[PDB]
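In what follows, a single structure is set out as structure tokens and then discussed.
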Amino acid sequence: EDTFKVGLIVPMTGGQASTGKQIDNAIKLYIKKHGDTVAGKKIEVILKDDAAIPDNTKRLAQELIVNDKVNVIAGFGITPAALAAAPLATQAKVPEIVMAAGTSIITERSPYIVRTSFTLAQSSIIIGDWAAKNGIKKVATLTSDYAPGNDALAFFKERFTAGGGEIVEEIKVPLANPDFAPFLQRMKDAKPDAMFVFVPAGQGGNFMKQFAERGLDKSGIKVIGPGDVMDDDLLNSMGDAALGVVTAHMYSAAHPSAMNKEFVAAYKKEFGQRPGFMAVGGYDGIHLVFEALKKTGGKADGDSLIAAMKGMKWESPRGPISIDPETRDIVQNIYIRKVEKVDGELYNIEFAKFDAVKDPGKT
């Protein structure tokens, strides 16, 4: 009654555990910094681990909506999870806040979906344009074999080839327990100018370890991609082979804004780890819920909330962001970054900025 409930469904275990860990942490941090009360309502966050299995996502979303009567569902660590919950969000008129999954069509799959993460297309068009304009002629691609990987590939290829680039080979690896060894072996022999790599949050460290193990650090093959592979949650654990990797992405822990400085410091202080781009999707997702409730003066029905969320603009640790009133998707800067060592640690140092990029998958 004086309560507002958020059903948080994220992968706390399994291959995408680092996504849920980050989102759970960032929301805990937000509430620690802002309190748990808005417009007369006590916010409760109910955590459920789907292990990134969409059957679990669906079952958990149903339990949260029907049994716990949550007002919002949030999280959705992979695209299939967001899609699994979309029918229930629509049927129950419960906003579904996508804080992680990055496939362009997701927001079209329910009028109650709003997203605070990214789309792969937003970063992939930028790195495609950059690679072409920077004398990279021949690229091999390695992308996770599911929806966001296919978006990454399609949008990169479109812009890269438009700029005169050539894709010489396209390799896909499973979401679950990928083996990067065979791709990396082909690379040793085929030696393209660069490899374009999309793997989801949590996997870039494993990729870089096999990269280094095969001596690709000495091959003169550049590594480029959207920033998922250079996940800030993982950067601290990578070796010198990661130096010079160039990625486009919506968030870097090294973003030089006062708000990001405060966010990164607070997150490190509380959790003893650097936040990655999944943490900021969670941070902004919960901000969105708090601010929406503020705007509706405490009205908790889905329609009121969605109306309030559309067109909302604010400063995120990542930069200025907004919810497109037409698509309910995130509009945000996309930066190009190079991995450099600062004070003993690897960071994605931003060197280029494209302002307020709308999802190219819908434009």
Side-chain angles (χ1 to χ4, degrees), residues 5-32 43-65 68 70 72-86 88-89 95-103 106 113-118 144 146-148 175-178 199-206 227-229 231-237 250-251 253 263 267-268 270-289 317-318:
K5 292 169 177 188
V6 176
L8 185 56
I9 311 167
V10 288
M12 298 302 296
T13 61
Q16 308 306 116
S18 74
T19 296
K21 173 202 71 178
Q22 280 177 81
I23 289 162
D24 186 52
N25 286 359
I27 295 175
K28 285 172 156 146
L29 183 69
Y30 188 91
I31 292 165
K32 191 202 165 72
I43 311 292
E44 179 178 357
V45 180
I46 306 177
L47 180 60
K48 299 290 183 181
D49 172 22
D50 66 357
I53 301 161
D55 287 347
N56 296 343
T57 313
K58 186 192 162 80
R59 171 188 49 91
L60 294 166
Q62 198 248 286
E63 191 200 356
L64 285 160
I65 288 159
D68 306 353
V70 297
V72 173
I73 58 178
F76 314 98
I78 63 163
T79 288
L83 297 177
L88 298 164
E96 169 177 343
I97 312 303
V98 180
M99 300 165 156
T103 296
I106 293 176
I113 286 164
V114 190
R115 168 156 52 189
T116 58
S117 51
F118 49 83
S144 200
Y146 75 122
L175 171 61
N177 310 119
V199 293
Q203 299 194 356
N206 293 334
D228 310 71
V229 67
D231 184 351
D232 273 299
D233 175 73
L234 307 172
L235 243 65
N236 278 113
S237 72
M250 85 297 176
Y251 180 71
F263 170 75
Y267 193 98
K268 280 173 69 176
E270 177 75 20
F271 305 110
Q273 301 184 339
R274 183 193 294 187
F277 67 91
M278 293 303 201
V280 83
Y283 199 75
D284 288 308
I286 194 68
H287 182 68
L288 179 60
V289 173
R318 82 189 83 186

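Just so it is clear, the values below take in all heavy atoms, side chains as well, and ignore hydrogens, waters and symmetry mates. FYI, the numbering just counts along the sequence from 1.
Within the structure, the ring pair (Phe, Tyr, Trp, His ring centres under 6.0 Å) test picks out the following pairs touching residues 7-32 (sequence neighbours left out): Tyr30-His34, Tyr30-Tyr283, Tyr30-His287, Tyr30-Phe290.
Salt bridge present: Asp24 and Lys28 bring a charged side-chain N and a carboxylate O closer than 4.0 Å.
Note that CD1 of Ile9 is 12.0 Å distant from NZ of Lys58, once rounded to the nearest 0.5 Å. Atom CD1 in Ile31 sits 5.5 Å away from atom CD1 in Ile286 (nearest 0.5 Å). Distance check, rounded to the nearest 0.5 Å: CD of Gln273 to OG of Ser237 gives 10.5 Å. Atom-to-atom distance recorded for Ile73:CD1 and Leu60:CG is 10.5 Å, nearest 0.5 angstrom.
Scanning for ring-ring contact (aromatic ring centres under 6.0 Å, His included) contacts around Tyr251 gives an empty result, with sequence neighbours left out. Under the side-chain contact (heavy atoms from CB on, under 4.5 Å) criterion, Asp68 pairs with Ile46, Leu64, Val70, sequence neighbours left out. For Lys32, the salt bridge (charged side-chain N to carboxylate O under 4.0 Å, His left out) criterion is met by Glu270, not counting sequence neighbours. Scored by the salt bridge (charged side-chain N to carboxylate O under 4.0 Å, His left out) test, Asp233 finds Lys21 as partners (sequence neighbours excluded). Among residues two or more places apart in sequence or in another chain, the salt bridge (charged side-chain N to carboxylate O under 4.0 Å, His left out) test is passed with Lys5 by none. Every residue two or more places apart in sequence or in another chain that forms a side-chain contact (heavy atoms from CB on, under 4.5 Å) with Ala82 is listed here: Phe76, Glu96, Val98, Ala101, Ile106. Under the side-chain hydrogen bond (donor to acceptor under 3.5 Å, both in side chains) criterion, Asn236 pairs with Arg274, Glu345, sequence neighbours left out. By the side-chain hydrogen bond (donor to acceptor under 3.5 Å, both in side chains) test, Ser144 is found to be paired with no residue, residues two or more places apart in sequence or in another chain being considered. Listed by chain and residue number, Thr57 satisfy the side-chain hydrogen bond (donor to acceptor under 3.5 Å, both in side chains) test with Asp50 (two or more places apart in sequence, or in another chain). With sequence neighbours excluded, no residue forms a salt bridge (charged side-chain N to carboxylate O under 4.0 Å, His left out) with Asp228.
Counting heavy atoms from C-beta outward, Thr103 and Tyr146 have side chains that stay 4.5 Å or more apart. Residues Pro200 and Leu175 have side chains in contact (heavy-atom distance under 4.5 Å, counting atoms from C-beta outward). A 4.5 Å side-chain heavy-atom check between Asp284 and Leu288 finds every atom pair outside the cut-off. Contact check for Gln22 versus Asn25: no side-chain heavy atoms found under the 4.5 Å cut-off. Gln203 is not listed as a side-chain neighbour of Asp231, based on a closest heavy-atom distance of 4.5 Å or more.
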Extract all donor-acceptor atom pairs below 3.5 Å that involve side chains of residues 10-18 and protein atoms in other chains or at least two apart in sequence.
unit_1 : atom_1 : unit_2 : atom_2 : d
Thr13  : OG1    : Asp49  : OD2    : 2.7
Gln16  : NE2    : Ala201 : O      : 2.9

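Minimum interatomic distance between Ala52 and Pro54 (heavy atoms only, all atoms of both residues): O-CD, 3.5 Å. Here the closest non-hydrogen pair linking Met99 and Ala74 is CE-CB, 3.8 Å. Considering every non-hydrogen atom in both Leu88 and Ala61, the closest pair reads CD1-CB, 3.9 Å. Heavy atoms only, all atoms of each residue included: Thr79 and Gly102 are closest at OG1-N, 3.9 Å. A pairwise comparison of heavy atoms in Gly77 and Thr19 identifies CA-CG2, 3.9 Å as the closest pair. Taking each heavy atom of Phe277 and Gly227 in turn, the nearest pair found is CE2-O, 4.3 Å.
Judged by distance alone, with hydrogens and angles left aside, the side-chain atoms of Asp232 form no donor-acceptor pair with the main-chain N or O of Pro275 at under 3.5 Å. Between the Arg115 side chain and the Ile97 main chain, no donor and acceptor come within less than 3.5 Å of each other.
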